[PDB]
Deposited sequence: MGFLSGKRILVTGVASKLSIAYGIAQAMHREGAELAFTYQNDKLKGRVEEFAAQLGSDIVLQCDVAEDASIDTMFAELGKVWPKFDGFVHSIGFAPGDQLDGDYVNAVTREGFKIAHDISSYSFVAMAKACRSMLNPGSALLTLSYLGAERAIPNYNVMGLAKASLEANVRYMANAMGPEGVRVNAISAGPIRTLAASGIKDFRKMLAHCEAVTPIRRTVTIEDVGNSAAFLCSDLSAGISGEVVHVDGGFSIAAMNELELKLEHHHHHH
């Protein structure tokens, strides 16, 4: 398929409902060889079982809160994949207390710090940590949401962390372009007033993700692609 030849690392698999699960299934269908990270001991067994079903046995621990964790993960990867063709960053977090009601009242310095650190900084931290490992023609991808661009009730500080992440996509694309690396995002709909009259699925997101990490999207970099059924471009439906 249109990923045959490619070796792609997939973060963020936590359950069958994860966007990263949908992405991994699509990329495997299109012939990618896959590797996976897991955040912690809670998630290890689930990610091992899924990796095995997709024919992979590269499953490595990575907490993107820790620079040493990301470095150690990329040294372990380099033992089997001395070079590879990019990664899917499907990692987001804000403390639950941030998401409760009026934005100005809910936000705190620490909640802001954490949401930005995990949801935005970790994307470039990963790119720093593997930069010399990336083949020419590599592609990096991250997942964002319409909260980056609009004020969405309760989404709160995650909207700022997503706006930072989309700026990260542009700064990364511009910095790494000259070495043959593309960096994009998908702004996914939540997983009626939507033009396609349904919600998007992890299968929809997975197909677009596969495209965006493949040579088919050679022309596209620094872009935030809306995979939300047309929701964001409509009003008053």
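> For this chain, which runs of the deposited sequence have no C-alpha coordinates, given in order from the N-terminus?
Replying inline: Gaps in the modelled chain, taken against the deposited sequence, lie at 1, 193-211, 258-270.
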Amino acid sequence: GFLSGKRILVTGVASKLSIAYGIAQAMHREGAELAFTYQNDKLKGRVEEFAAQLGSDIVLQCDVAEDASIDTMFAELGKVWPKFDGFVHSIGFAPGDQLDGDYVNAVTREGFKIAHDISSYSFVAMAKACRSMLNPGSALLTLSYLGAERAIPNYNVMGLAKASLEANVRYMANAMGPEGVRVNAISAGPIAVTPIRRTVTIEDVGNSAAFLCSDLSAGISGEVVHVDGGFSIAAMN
From here on, numbers count along this sequence of modelled residues.
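> Between 120-128 and 72-80, which has the higher average C-alpha B-factor in the PDB entry?
Replying inline: Averaged over C-alpha atoms, the B-factors run higher in 72-80.
>> I need to verify one thing: averaged over C-alpha atoms only, is the B-factor higher for 202-210 or for 49-57?
In response: That would be 49-57.
> From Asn168, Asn184, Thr194, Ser187, which pick has the Cα B-factor that tops the rest in the entry?
Replying inline: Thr194 has the highest C-alpha B-factor of those listed.
> What third of the chain, by the recorded C-alpha B-factor, contains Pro153?
Replying inline: Answer is highest: the recorded C-alpha B-factor places it there.
> According to the PDB entry, is the CA B factor of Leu216 in the bottom, middle or top third of its chain, that is, lowest, middle or highest?
Replying inline: Tercile = middle for this residue's CA B-factor.
> Which third of the chain does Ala139 land in by C-alpha B-factor: lowest, middle or highest?
Replying inline: Middle third.
>> Going by the CA temperature factor in the PDB record, which third of the chain does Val225 belong to: lowest, middle or highest?
In response: Its C-alpha B-factor, which the entry lists for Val225, ranks in the lowest third among residues of this chain.
> In terms of the CA temperature factor given in the entry, to which third of its chain does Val10 belong: lowest, middle or highest?
Replying inline: According to the entry, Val10 has a C-alpha B-factor in the chain's lowest third.
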